[PDB]
There are 2 protein chains.
Amino acid sequence: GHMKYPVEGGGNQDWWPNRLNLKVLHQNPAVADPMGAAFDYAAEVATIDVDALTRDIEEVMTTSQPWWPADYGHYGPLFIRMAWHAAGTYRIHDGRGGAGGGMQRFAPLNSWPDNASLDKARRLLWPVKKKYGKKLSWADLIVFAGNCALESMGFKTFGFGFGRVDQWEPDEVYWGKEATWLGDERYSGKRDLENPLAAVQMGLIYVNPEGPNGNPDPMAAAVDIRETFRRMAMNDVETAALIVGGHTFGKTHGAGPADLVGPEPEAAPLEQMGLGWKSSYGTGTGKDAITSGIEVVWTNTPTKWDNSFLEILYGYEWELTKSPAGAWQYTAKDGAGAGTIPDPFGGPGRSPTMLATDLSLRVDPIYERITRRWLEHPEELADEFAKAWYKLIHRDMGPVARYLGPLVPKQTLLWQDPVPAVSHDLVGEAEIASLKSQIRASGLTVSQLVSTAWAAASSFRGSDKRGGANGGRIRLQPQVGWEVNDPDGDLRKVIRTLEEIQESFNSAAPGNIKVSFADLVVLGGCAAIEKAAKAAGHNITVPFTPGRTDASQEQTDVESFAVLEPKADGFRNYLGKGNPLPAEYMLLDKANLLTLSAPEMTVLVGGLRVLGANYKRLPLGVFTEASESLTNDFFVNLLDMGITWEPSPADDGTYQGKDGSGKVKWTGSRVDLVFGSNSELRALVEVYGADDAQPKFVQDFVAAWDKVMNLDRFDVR
Amino acid sequence: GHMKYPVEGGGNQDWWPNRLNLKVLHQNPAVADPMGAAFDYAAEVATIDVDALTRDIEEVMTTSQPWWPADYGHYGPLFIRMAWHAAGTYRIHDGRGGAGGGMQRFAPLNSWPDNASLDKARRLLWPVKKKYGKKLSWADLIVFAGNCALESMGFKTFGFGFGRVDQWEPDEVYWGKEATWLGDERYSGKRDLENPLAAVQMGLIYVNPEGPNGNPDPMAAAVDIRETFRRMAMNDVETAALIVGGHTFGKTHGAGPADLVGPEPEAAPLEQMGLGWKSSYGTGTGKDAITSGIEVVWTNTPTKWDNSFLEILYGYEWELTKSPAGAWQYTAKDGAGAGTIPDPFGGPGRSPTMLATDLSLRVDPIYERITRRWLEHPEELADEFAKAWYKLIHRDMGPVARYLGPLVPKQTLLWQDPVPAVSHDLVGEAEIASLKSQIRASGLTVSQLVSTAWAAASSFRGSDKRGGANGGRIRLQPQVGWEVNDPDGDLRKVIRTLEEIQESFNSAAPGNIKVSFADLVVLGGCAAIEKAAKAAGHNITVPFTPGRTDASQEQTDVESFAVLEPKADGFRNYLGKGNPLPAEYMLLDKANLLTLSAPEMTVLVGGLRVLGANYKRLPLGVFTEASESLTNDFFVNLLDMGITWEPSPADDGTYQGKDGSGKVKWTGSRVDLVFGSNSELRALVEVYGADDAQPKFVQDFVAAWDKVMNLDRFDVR
Ligand code: HEM
Ligand code: HEM
């Protein structure tokens, strides 16, 4: 092998392949952003003329371009696929993927096999982005064009929201271990897909259209359709609704051999200006277009919304056959419906066709019942598709406070993890002072207050922006019962107390001022930190932002919140079972999800340890003699060359730090020690452990603690 | 099984290995900096009590720590080696390496074979870092400790200066293509070393202590020593002094088998807290320590400065032998000098020993004269060493204005590319204005004013902070001939015409307000843009900062200025022969050395292109119909889907852009088209190419233009 220049590959990771990669904590650096610092997209889009924008998109859709002629003279279907794939990479496990960042325009998504041709699809929309500039992001545009396509072809969508902010660097996400496109090394046991993956192969949006492993078995394809969609937050009814709804439009492309198609976008020549899959088959486009290799046209209404997909799916019997490219697909038996389906450009007319995956909707018992019902009651499909497509394109958007524009529906949706609207005057400076005092007099320890606040706030993840302290869901199922927040003998006592303080406060509250349990949880932690700081001799006030509301069990989808449970949280020195990598890597991943930087992650760990936020109050990493006190003892002791570390005799995970006598003075985990071992983390440790660092430590820690508490507060920004 | 989670392995470089890595323009990301944006190291170091620091460092040198006992009860020599290596990575070709950023404490330098044991060395200084904190960087401390060591042992140095700001992410540098430590794939023909390397093997700091590729030939070694040192700005006299000077102290370490030495820092276990090379021979420390594997104690006074090194080198005859770790080294023949050399821990006398490289000083003709002389004139050694040691430790400090503290000698040095101190008053806001109007009215073209100013300013490289427009060296020898600046042409005329403006203005305009040539070169450029701006409906005023002074050819070491010559500059669409990588990669490297971000670079290429700054007024990337007007026509045409790009028939690295009629409308190079092909750069282009970005392009272009013009102005910041 050979080492390359940094500009052509880089280094370090090359000498230490498994080396922890701290670049995960500084994704999308301000340095790479072309927009100013004062630039706020929300304020730009809120100004856009939606009506004018729709007409412009409608113009592109019906204005074919010679470098990629529009099937049936309408890029509409193409755009629906584009939007479906854009939001289609979403996974419920870590909440990554999705259309929220417009990652389809960057590697590796832009060059995924399943995304072939979408490069022309996006190029076609340049005229629009050009006209609206900064008032419209690609992320919003790539998916609004999909919504627009539907509406111009007869389907009334439920609504739409803008707010997706463009990024300038691709988000590095784990898509699997396969180093070969379409590879598959992600199954164990009885067809069990590895987490967090939500696709059956490397490079696909969901499943193989030719059936599992290319086996045209519709009944088997269904099991995979059911799971990958479930992992993309869609039940049986939504999955069926989505497939039918989409395949009611357009067609597939496979006019010729798939080996006449050149290299993907990221591997193509410069002269191709970012486009990929250049075909040498005939004209290489339009009538001779090759995308998937399949040559299917589901309905006789490619550019119109109607119940044809199902009338056709059930109207004929199917047989297995191949396309010009040699892929599996189905055609009506006995030459039925011959010459019934219109051609995209010329027009010899063709006969019905379906994908193995389309037949799963009729062969599978559950799907069959769903689509049968819609075969007889088409109105029901129209509805389900609306709800499902709305969800599909907005899943990773986060709190509804982020949906901007005149097309956002007013209705509340359970999958949006709803929170009640503020219904009273908010607590002010005086009230916030009083409560902090009432909470310090409640009897709750610093550890309990701090732990409860962290547990509640740290449930947020920047990927799909779900979770957080708003809603006060820490006292509802399933959070009240997570092992990490371990109720065993304390969380329940903290909740009851805060609830009493809320009760007593609201009844005595001044003129129409009331506080929520949700704010109390967070305020409790802020009150505890100020106390601890004083104990350490640092009179400081911890920022607090009121406004959180309390959600009810009924407004909280238990099953949906399952994915937010921490299987690991080094900030609390917690390591559950079944994580992909060792504890330290899991810490960086958590840090990533909380949107923390290396310094912030560092300051938080040290603070949390000495404050007693450790799971089960374990002594790991609690390198301090003090209690209830916010000091920098963690970093000072971590750099103490007087203590000798060795892995503990029994299990690993735990280490022992012996001193001179040979006695054990400290005990720590892989998370604790990595800060003293890693050359880049240590640098950050030598900063907060210096003699002049105590006051800076307290400042940064309080700032970071404040950032976590407000991770989910899009209502005030 | 190959692809890894981002938190571990990585991402996109994996599917596309030779992928243009833009992260080279995201170096040392602000978000990864724990100090805060308002942190001013200079303000802090001015606060430090240098005397106290020295005493605190002397107390470290004489206090032996149990985990790594001190040879002769003094860590001074160890600190000298630590410091020399800190600065000894500096390569002349790109100006990278050096002790400027304290990179020795990060990967990969912290684990290099040649940096073995320095891990304990740095650890020993933590107590000093602990006490001075933010007022003292590891960068200054590491190299300053080496300076203190020298002094404590009897050598008076020329002086020392602080100002090296610590960084929080390793600088990614190309150190060779070898994927094996100590490997060698860097030589061709008759000992020709591939640029920009300054070492003979991978992981070494100059040459191999046992001779070329392990061949103990002193005459051969000298060839490598002379060569590697030259690429580190040291000549024969300096090289000889440096070697003699350093080996006047300490010893080497090779008491047992190397195989008994554990993994390096970056690859060692967490419990080692950042230290590697844990040896299992004896105590793996002090008495039984192994570092290079060679066992040599050069003089009989390891912790004192005298002329013993040279008296021994010439006092005996040398025979080849082997250290306990089986390494080549020399001993005195006839068993002379028995027990005449002290043991680091009380053992009995040893015997005079030397490295093949030490014998190079006596066997090589040129070195021999140099050293033989110092044998009878130690005062000359002392003098040259001090000069060389000073240079070595500050080589990458940039303009002397950056030297901080009370130990900086005022003596002017030629290797610092001296610039006259401002002697007159500086042009005011009225004079500036008048001066611009004079230049605009002069008669030079925007393509001459803009191009020359760039030719001048772009000479700067952020690696060692050399180059820049200060000094008006654009009209002095080295630079005036550079093919890039294309001497054979208008360079002369503009120089001659600008000088005629300096005189006219200075000859008649008392008040003590006088202006230099250096400033006029830049100002003329700031005027050409204002004009070119207006000539596009934009009454704007480009920022200008006076203060540049005019150096003299005498104050300009021509050969030292050789390395700063561009072998390519995508900003002027210039490509010379001999570049390691294709034009696009060289474009990134250049932007890196100019300290530019992705957006800054983008806005800068599209800008210069339209102003006619291209090398030899070439039409490449000149996507505009307008003459010399500042518009984003470049970005707007590059995104013109109505143009088809195809490599020029003449395989001359150019491309053609034909319109609908099949006629050639534009021509461009790889550098021009990369911005429309690379998904991340095309994104930036799509920002500056929109209908609403015209005012932003100009605003951004100017900002980035102002930045390049000021790169070297440390005298005013
Ligand atoms: C079970 C999962 C699915 C599979 C295996 C699948 C497969 C495919 C394939 C192979 C094509 C042809 C691509 C080409 O060669 O151009 C296609 C096209 C398309 N699909 Fe799907 N699909 C699935 C789900 C969906 C969903 C849920 C939607 C709803 C938004 C959808 C909407 C579309 C549209 C609109 C096209 C037309 C593209 C065009 O006309 O150019 N698909 N699909
Ligand atoms: C021709 C270039 C040079 C070569 C090949 C070379 C090689 C070596 C080797 C092999 C060691 C032994 C390391 C160990 O095992 O502990 C050493 C030590 C040392 N060198 Fe050099 N060296 C060179 C130049 C220099 C220069 C220019 C200086 C002074 C600025 C210097 C200062 C030192 C010091 C102070 C030590 C001893 C550190 C201690 O006592 O632990 N060397 N060198």
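In what follows, every chain begins at residue 1, and chains take the letters A, B, ... in the order their sequences are listed. For ligands, and for the atoms within them, numbers begin at 1 and follow the listed sequence. Only heavy atoms go into these numbers, but all of them, side chains included; no hydrogens, no water, no symmetry mates.
Of the options A:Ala240, A:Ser292, A:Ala388, A:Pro344, the smallest heavy-atom separation from atom 13 (C) of ligand 1 is shown by A:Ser292. In the candidate list B:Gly88, B:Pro77, B:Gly250, B:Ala87, B:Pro77 is nearest to atom 35 (C) of ligand 2, counting heavy atoms. Considering only non-hydrogen atoms, atom 12 (C) of ligand 1 lies nearest to A:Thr252 out of A:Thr252, A:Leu118, A:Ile80, A:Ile294.
For the pair B:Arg350/B:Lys251, a side-chain contact is recorded, criterion being any heavy-atom separation below 4.5 Å from C-beta on. Side-chain contact check for B:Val244 versus B:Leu313: every heavy-atom pair is 4.5 Å or farther apart. With a 4.5 Å cut-off on side-chain heavy atoms, B:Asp71 and B:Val297 do not count as touching. Annotation: side chain of A:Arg362 is not in contact with side chain of A:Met354 (no heavy-atom distance under 4.5 Å). A heavy-atom distance below 4.5 Å is not found between the side chains of A:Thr285 and A:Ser279.
Note on ring orientation: taking the six-membered ring where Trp is involved, the planes of A:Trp298 and A:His247 are parallel (angle under 30°, cut-offs 30° and 60°). The aromatic rings of A:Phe385 and A:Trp305 sit parallel to each other, their planes meeting at less than 30°, with 60° as the upper class boundary.
Each of the following atoms of ligand 2 lies closer than 4.0 Å to a heavy atom of B:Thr291: 14 (C), 15 (O), 16 (O). The contact set between ligand 2 and B:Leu242, taken as ligand atoms under 4.0 Å from a residue heavy atom, comprises 26 (C), 27 (C), 28 (C), 29 (C). Heavy-atom proximity to B:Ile225, at under 4.0 Å, picks out these atoms of ligand 2: 1 (C). Atom numbering of ligand 2 starts at 1 in the shown order; those under 4.0 Å from a heavy atom of B:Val207 are 5 (C). Per-residue contacts place B:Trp389 under 4.0 angstrom from the following atoms of ligand 2 (heavy atoms of the residue considered): 30 (C).
Among all protein heavy atoms, the one lying closest to atom 41 (O) of ligand 1 is A:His253 CE1, 3.4 Å.
Within the 4.0 Å heavy-atom criterion, both parts of B:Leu78, backbone and side chain, lie near ligand 2. Under 4.0 angstrom from ligand 1, the non-hydrogen atoms of A:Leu355 all belong to its side chain. At a heavy-atom distance under 4.0 Å, only side-chain atoms of A:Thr357, from C-beta outward, approach ligand 1.
In summary, of the residues considered (A:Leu355, A:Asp364, A:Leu359), a side chain to side chain contact (heavy atoms under 4.5 Å, CB included) with A:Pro218 occurs for A:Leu359 alone.
Between B:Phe155 and B:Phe249, the gap from one ring centroid to the other reaches at least 6.0 Å.
Put simply, the side chain of B:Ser323 gets close to the backbone of B:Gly293: a donor and an acceptor are under 3.5 Å apart. The main-chain N or O of A:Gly73 is never found under 3.5 Å from a side-chain atom of A:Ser64 such that the two would form a donor-acceptor pair.
Checking A:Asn147 against A:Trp389 by side-chain atom types alone, a donor-acceptor pair falls below 3.5 Å. Between the side chains of A:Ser117 and A:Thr291, at least one donor N or O lies within less than 3.5 Å of an accepting N or O.
Applying the salt bridge (charged side-chain N to carboxylate O under 4.0 Å, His left out) rule to pairs touching residues 73-82 of chain A yields nothing, sequence neighbours excluded.
At a 4.0 Å cut-off, at least one heavy atom of B:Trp298 sits close enough to ligand 2 to count as contact. Ligand 2 lies out of reach of B:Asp71, whose nearest heavy atom is not under 4.0 Å from it.
For atom 21 (Fe) of ligand 2, protein N/O/S neighbours under 2.8 Å (waters excluded) are B:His247 NE2.
Distances from atom 17 (C) of ligand 2 to the protein include at least one heavy-atom value under 4.0 Å. Shown here, atom 39 (C) of ligand 1 is in close reach of the protein: a heavy atom of it lies under 4.0 Å off.
Of the polar atoms of B:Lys251, at least one N or O is found under 3.5 Å from an N or O of ligand 2, judged by distance alone.
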